[PDB]
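Read the structure below first, then the notes.
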Amino acid sequence: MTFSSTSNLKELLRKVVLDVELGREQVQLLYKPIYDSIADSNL
Amino acid sequence: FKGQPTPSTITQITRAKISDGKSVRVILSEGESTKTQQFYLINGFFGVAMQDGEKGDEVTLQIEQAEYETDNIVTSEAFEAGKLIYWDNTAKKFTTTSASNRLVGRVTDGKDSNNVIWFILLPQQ
Amino acid sequence: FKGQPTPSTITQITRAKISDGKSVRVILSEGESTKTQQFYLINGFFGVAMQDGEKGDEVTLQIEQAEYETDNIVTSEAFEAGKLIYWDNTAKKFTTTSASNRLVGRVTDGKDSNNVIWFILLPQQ
Amino acid sequence: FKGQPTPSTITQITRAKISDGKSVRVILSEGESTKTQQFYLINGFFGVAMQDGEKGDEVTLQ
Amino acid sequence: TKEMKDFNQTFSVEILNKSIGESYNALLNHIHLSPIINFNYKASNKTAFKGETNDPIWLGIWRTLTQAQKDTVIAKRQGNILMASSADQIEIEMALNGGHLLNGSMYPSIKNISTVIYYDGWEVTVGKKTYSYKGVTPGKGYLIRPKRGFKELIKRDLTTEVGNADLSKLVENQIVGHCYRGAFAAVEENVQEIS
Amino acid sequence: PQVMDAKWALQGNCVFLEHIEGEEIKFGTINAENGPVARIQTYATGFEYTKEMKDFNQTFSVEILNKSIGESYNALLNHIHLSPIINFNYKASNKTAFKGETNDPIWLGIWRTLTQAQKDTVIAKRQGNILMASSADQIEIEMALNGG
Amino acid sequence: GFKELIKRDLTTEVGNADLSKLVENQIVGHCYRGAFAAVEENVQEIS
């Protein structure tokens, strides 16, 4: 009674997730030191 | 993500609908110019030009299949309610005579005194 | 009721429109199967199948006439903007060849490097 | 079990080997009989008969 | 679709709002920096690789960046902010620091550079198509006089609004974000550098 | 378990294209990102010696075998964990050349090579805090890591 | 990106012995281990 017989039945076996870094890099605002900001809704 | 510690596979969840399709963006060729709110046949799409666009500009055509008002008919012909209305691209005018003209709509109001008609824009066949 | 205590008369009131008609329920035949968010021609209706299916299964085809993104085209042909595209059911791919193929749309954005095209689904004439 | 409220699907996991196979049980024919701890060719197997088998009896061949 | 919001537990509007902010922020860098990268600089605004020499350490950008500072003081531009690619971060950070002795020559640290920003591009694969904003080309830099010839026109910052659902199909509200924004730039503020 | 399952996550996509007047808005898209998969393996070995060897051979004893189990076990460990690093088929992105040949340098001019490697591991964000090398280059590396 | 998986570090267990041949117990050591490595972490330097 090898383990390979029961390898397919994943519901029986313990599940442990390989924890790892996932996601996407945050986007920073770089332009602001160069630019003078003027804000008016009626432009 | 650049420089991540471990390889990661990107599964793209497919979807089909990109936009509601009421209007189409087209680029004018070297013999095409558009005025705002006028009917043009540019790159196989017939609709209402939403921008004043010269040759090489980027112009939007409305193809909503809504009801439209146009004075650009050929005045010799008689446009009556229900008559299929075609677009003569050589003369740049609407015309009831099919010939080889594109089918563009169906008239809802007949040719009034000022040669104004109302029609419903047919799909882009 | 059935055991109604007093006789009464029912007067039906008629209405024709039942649903907006943006999508159609279809039943898959033996030779047909569907993947989610892919174009298919099942029982005379061409649209985006919203559900996976198999033989004898029931799925919904989106027929909104929206603008749609797809690269399931014959790569040999050039799909420029404005050119009509037809569904080759034998090849199961969009083609500009026409012939007996069903007319299904018109290209809004031409063929890019990755054979992607944006087209407007036509209203299933 | 018999009074099971819900259907259940049996998934039989296979294993090939059943026994170590150092000895094989056999059936004696009418023209055959065995004495304990002696050599016989019973049903195509040759080995030491570990039981006094009369015809139609049960023995084990080592 | 409404089913997708309900049954797909991982899915939520927070992911969509997060992507709106990421795409929004990435594009703000594009409007406000692409004029600097894309502008057709003339010979007056271009400073060639003045380092050159023969067998210099790659902190011979110090020679090139020094002339660019000089070429801005001449014509009174007086560049204060340097914009380059992230590839040249190591070499630029060396020159802006106290570069070590070389052939007996002690090269002083470059001064009057208040800020250095490394604008790499940005890219996303939406649907079957890839959209990207080009960053600063590696081997190039731009001394910038800030806030005088560069003005950011902000009519609407950002307005996400949920819109046309379809009750008949049980499809959730379409969420649409839009802006009314622009930029003003100049050639009188910039001096291009090579390496 | 024998095999470890991968992590999963969802991300959205959108671009903020230009809007002219009608310009029917182009909707975004999501994607699913999944992590890597790892599995554990079984490494084993042993011995088989006759009873005669135990009794008649004065020098023989089980400690010599137990000692050899430890040496071959630790030798496996650093091999199992480091041989992926050595045996990998590095691409042009991961290969940094000598970059420091120059002409007539002291062979602490590997300093130019290590400096380039730190630059390349920082251009790409995989900054390398630890070096691995053969002991044949111990002297040059030690000079480079001090005040040349 | 370098992760070590350790289930059973090492176990030496003595086993079968042919008394019919006067053979001592087989001794076998075994361990359950795994390792995960990637190209995202490394740069190959030369000299």
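All Cβ positions, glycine included, derive from the backbone under ideal geometry; neighbour counts span all protein chains shown. Nothing in this text is a laboratory measurement; each read-out follows from the coordinates by a stated rule.
Some notes on this structure:
- On the principal axes of its alpha-carbon atoms, the stretch F:56-118 has extents of 66, 28, 15 Å, going from largest to smallest.
- Charge dipole (debye, nearest 20) of chain G; +1 at Cβ of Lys and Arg, -1 at Cβ of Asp and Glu: 220 debye
- The GluC sites (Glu not before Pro) of the stretch F:42-147 meeting both criteria, a DSSP state outside H, G, I, E and B (loop) and at most 16 other C-beta atoms within 10 angstrom of the site's C-beta, are F:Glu48, F:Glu101.
- Working from Cα pairs under 8 Å separated by at least six residues, relative contact order for chain E is 27 percent.
- Other protein chain Cβ atoms within 10 Å, averaged over every residue that makes up C:112-124: 4
- Among the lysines of chain F, pairs that are 8 or more positions apart or on different chains and have alpha carbons within less than 19 Å of each other number 7.
- Our summary gives chain F a relative contact order of 15 percent, counting only alpha carbon pairs under 8 angstrom and 6 or more residues apart.
- Taking the stretch C:25-40 and a reference point 7 angstrom along Cα→Cβ of C:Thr90, the backbone N atoms nearer than 20 Å belong to C:31-33, C:40.
- Backbone geometry of the stretch E:155-170 corresponds, through the Karplus equation with coefficients 6.51, -1.76 and 1.60 at θ = phi - 60°, to 3J(HN,Hα) couplings of 8, 10, 5, 6, 9, 7, 9, 7, x, 6, 7, 9, 5, 5, 10, 6 Hz, x marking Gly and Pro.
- Look at where the Cα atoms of the stretch F:105-129 and of chain A average out, and the two centres are 30 Å apart.
- Each label point was placed 7 Å from the Cα along the Cα-to-Cβ direction; for F:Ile130 and E:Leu158 their separation is 4.0 nm.
- Residue-averaged beta-carbon neighbours from other chains (10 angstrom radius) around C:103-109: 5
- Trypsin sites (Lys or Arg not before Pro) restricted to DSSP loop in the stretch E:15-55 with at most 11 other C-beta within 10 Å: E:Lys42
- Kirkwood estimate for the protein assembly as shown, i.e. one over the average of 1/r between Cα atoms, Å: 34.8 Å
- Legend: calculated FRET efficiency, E:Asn112 to F:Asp137, from the Cβ-Cβ distance at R0 = 60 Å, rounded to 0.05, equals 0.90.
- The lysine pair tally for the stretch E:117-195, using Cα distances under 29 Å and a gap of 8 or more places or different chains, is 8.
- Value at 222 nm in deg cm²/dmol, rounded to 500, when DSSP H runs of n ≥ 4 in the protein assembly as shown each add -39,500 (n - 2.57): -4500 deg cm²/dmol
- Whole-Å distance, taken between Cα centres, linking chain G and the stretch E:46-68: 56 Å
- A simple count of charges around F:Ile40, restricted to other residues whose Cβ falls under 15 Å of its Cβ and scoring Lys, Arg +1 and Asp, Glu -1, yields +4.
- Among beta bridges that DSSP assigns inside chain B, antiparallel share in %, nearest 5: 95 percent
- Beta bridges by DSSP in the protein assembly as shown, antiparallel share as percent, to the nearest 5: 90 percent
- Database remark: amide H of C:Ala66 closer than 5 angstrom to the amide H of C:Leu121 (H placed geometrically; neighbours at sequence offset of 5 or more, or on other chains; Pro and chain starts carry no H).
- Per residue of C:58-66, other chain Cβ atoms within 10 Å of the residue Cβ number 3 on average.
- Residues whose amide H lies under 5 Å from that of C:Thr34, counting only those 5 or more places away or on a different chain, are C:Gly53, C:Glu54; hydrogens are built 1.01 Å from N in the peptide plane.
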